[PDB]
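Every number in full-length UniProt numbering is 560 more than the matching position in the sequence shown, counting from 1.
Note that CB positions come from ideal geometry on N, CA and C, so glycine has one too.
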Amino acid sequence: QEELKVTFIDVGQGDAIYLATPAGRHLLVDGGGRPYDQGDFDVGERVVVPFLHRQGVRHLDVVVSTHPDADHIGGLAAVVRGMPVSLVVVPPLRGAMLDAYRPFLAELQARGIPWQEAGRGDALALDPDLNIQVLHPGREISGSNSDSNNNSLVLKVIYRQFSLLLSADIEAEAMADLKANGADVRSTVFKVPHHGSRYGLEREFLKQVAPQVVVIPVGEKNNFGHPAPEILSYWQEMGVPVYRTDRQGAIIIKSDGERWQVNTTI
Numbered sequence: 561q562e563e564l565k566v567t568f569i570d571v572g573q574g575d576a577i578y579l580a581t582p583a584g585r586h587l588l589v590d591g592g593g594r595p596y597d598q599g600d601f602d603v604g605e606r607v608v609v610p611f612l613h614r615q616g617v618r619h620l621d622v623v624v625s626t627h628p629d630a631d632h633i634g635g636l637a638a639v640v641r642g643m644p645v646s647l648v649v650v651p652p653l654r655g656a657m658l659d660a661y662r663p664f665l666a667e668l669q670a671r672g673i674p675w676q677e678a679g680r681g682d683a684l685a686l687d688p689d690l691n692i693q694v695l696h697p698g699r700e701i702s703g704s705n706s707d708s709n710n711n712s713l714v715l716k717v718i719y720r721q722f723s724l725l726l727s728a729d730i731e732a733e734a735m736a737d738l739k740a741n742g743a744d745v746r747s748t749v750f751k752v753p754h755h756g757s758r759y760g761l762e763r764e765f766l767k768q769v770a771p772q773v774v775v776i777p778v779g780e781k782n783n784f785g786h787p788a789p790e791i792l793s794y795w796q797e798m799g800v801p802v803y804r805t806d807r808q809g810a811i812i813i814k815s816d817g818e819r820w821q822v823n824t825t826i
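Here's what the structure looks like:
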């Protein structure tokens, strides 16, 4: 019954979220995403794996690759090459999406690392005190299975009264679907999708999340103007503090399931 500790690693314009669970399990959600820095600097080798060593991690129980487009795998390649990984979770892979993932999945097979496709209604049993629910995407052969950002994996991490919604890169169309299907998205902490892009502004969905604080992993002087002013304005309208990795470095959230705290690096 150690506290849950979640670190949003400062990986620039990218997401990498390390969760140390109460029982002592190690979970990594993403590893920096698509290299907009042309990949010459591998954020996985240079930032993520060294971070995990500095936190004392020697193996990861679960690695989650949230995005169905394989050129978003990014630093996760370096993670599975740089330390033992017991399980990789990916979204439902279909069509050309599976195609592009095939080299990564072949490396997993060569390493003996099982992978699991996860979709709406699944859960990642890892720690008996943590409920890790997969809310999105569904598995239906539906319209635009190929709609990449909107079919990224959404996870809700629950420890008693504390919850964290890891929204990956979803946009307003996915948010409307989640709202329409009654997804239980109300959360203590909301990870804003796709670095605060304005295309994640779905007010009915965000009203239901009703977060106490939000976290934006986002890079300084990224090419997209992230986080969008419309997104920052929205959280101001709601009175919700915004934590950002570009301005504040790594963001650390700790909780015993009743009390929780957010701290920053810079």
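Between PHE611 and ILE569, the alpha-carbon positions lie close to 8 angstroms from each other. The stretch 610–690 is shown to contain whole alpha helix (DSSP H) runs of 4 or more residues at 636–642, 655–671, in chain order. At the C-beta level, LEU653 and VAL622 stay beyond 8 angstroms of one another.
Positions of the alpha helix (DSSP H) runs, each at least 4 residues long and wholly inside the stretch 741–782, are given as 763–769 in order along the chain. With a minimum length of 3 residues, the unbroken runs of beta strand (DSSP E) contained wholly in the stretch 685–726 fall at 691–696, 714–719, 722–726. Burial state of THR581 is buried, judged by a 10 Å Cβ sphere holding 16 or more other Cβ atoms. For the set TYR803, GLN693, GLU818, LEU668, the Cα lying nearest the Cα of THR824 is the one of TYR803. For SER706, the number of other beta carbons within 10 angstroms of its own is below 16, and it is reported as exposed. Rounded to the nearest whole angstrom, the CA to CA distance from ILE776 to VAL822 is 13 angstroms. Each of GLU790, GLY604, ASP629 was checked against the Cα of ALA728, and the nearest Cα belongs to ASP629.
Rounded to the nearest angstrom, the gap between the Cα atoms of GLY785 and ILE826 is 21 angstroms. The residue from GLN768, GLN796, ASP816 with its alpha-carbon nearest to that of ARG746 is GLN768. If you check the CB distance, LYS739 and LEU725 do not come in under 8 angstroms.
Around the beta-carbon of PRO651, 16 or more other beta-carbon atoms lie within 10 Å, marking it buried. By the 16-neighbour rule on beta-carbons within 10 angstroms, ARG807 is exposed. For the options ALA743, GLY572, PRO663, the alpha carbon positioned closest to that of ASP631 is the one of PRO663. With distances taken between CA atoms, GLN693 lies nearest to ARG680 out of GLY703, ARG680, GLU700.
Here DSSP, grouped into helix, strand and coil, assigns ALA736 to helix. Look at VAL802 here: in three-state DSSP terms it is strand. Counting the other CB atoms within 10 Å of its CB gives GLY616 a total below 16, which places it among the exposed residues. In its chain, beyond the 5 residues on either side, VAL640 have a beta carbon closer than 7 angstroms to the beta carbon of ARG671. Leaving aside the five residues that flank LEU686 on each side, the residues in its chain whose CB is nearer than 7 angstroms to its CB run, in chain order, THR581, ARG585, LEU587, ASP621, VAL622, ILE692. Judged by their CB atoms, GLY642 and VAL603 are not nearer to each other than the 8 angstroms cut-off. Excluding five sequence positions before and after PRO674, the CB atoms of its chain that fall closer than 6 angstroms to its own CB belong to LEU647, given in chain order. If you draw a straight line from the Cα of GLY635 to the Cα of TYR596, it comes to about 12 angstroms. Residue state for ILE812 is assigned as strand, using DSSP reduced to three classes.
Taking the Cα positions, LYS781 is about 14 angstroms away from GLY809.
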